[PDB]
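Taking the form deposited in one PDB entry, here's one chain by itself in structure tokens.
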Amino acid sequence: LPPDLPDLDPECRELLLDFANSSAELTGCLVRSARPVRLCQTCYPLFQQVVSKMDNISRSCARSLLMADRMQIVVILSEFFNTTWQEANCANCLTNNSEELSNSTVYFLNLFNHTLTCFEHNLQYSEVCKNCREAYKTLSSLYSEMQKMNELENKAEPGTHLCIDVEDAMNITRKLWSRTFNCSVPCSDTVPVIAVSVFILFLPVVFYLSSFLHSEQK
């Protein structure tokens, strides 16, 4: 029979096997590296390898492997990987070279490590708050600065997300601060606000009553 219809050509066999191996590794790593979220710094090499292998396929065996079925399992798998990558903004962590993480995200994660070091240090909750205030505030300031830097660099719309690992760390810290330890102590200014609002609300009543009485007097 013709080589292509009944069974696979010898060369395309290797490409399919390699893509299968890479996809399996990437999927396992994603599942294992999602709690706490480590998708970026752990899975970036595997994702790069998967993309490289699919490009290798696309650049003779493209026809016999990609689009000769109602489905295209290769295509849908790669597109799912790409959707997960894009919907993470994980390129934020990586530089233009894709080789290693940017110093910004390393710095943030390392401040996160130092912060949790402070938290555990003083756990054994006034102690923890009093001593880790500065660490938490530096962490939050850096998160805001990176948010603004990403927004201006990508010229993206406001509220655009960052690396999921950074956001997950930010949220873990926020939950530890606001709730488990409840260190937040916003100031209260009830009396000035109440007085000012009451006076301003009184003003229109005085205006209308004065108009009424003055018109009555004529």
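Note that residue numbering follows the sequence shown and begins at 1. Each form is matched to the other, and the largest set of C-alpha atoms that superpose within 1.5 Å is called the rigid core.
Although it is not shown, the form deposited in another entry is what the next lines describe.
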item: Rigid-core fit between the shown form and the other one, the member of 102, 82, 72, 117 whose C-alpha shifts 2 angstroms or more; value: 102
item: Closer or farther: C-alpha pair residue 146/residue 100 in the other entry, relative to this form, given a change of 3 Å or more; value: closer
item: Relative Cα spacing, residue 102 and residue 40, in the other entry - shift of 3 Å or more; value: farther
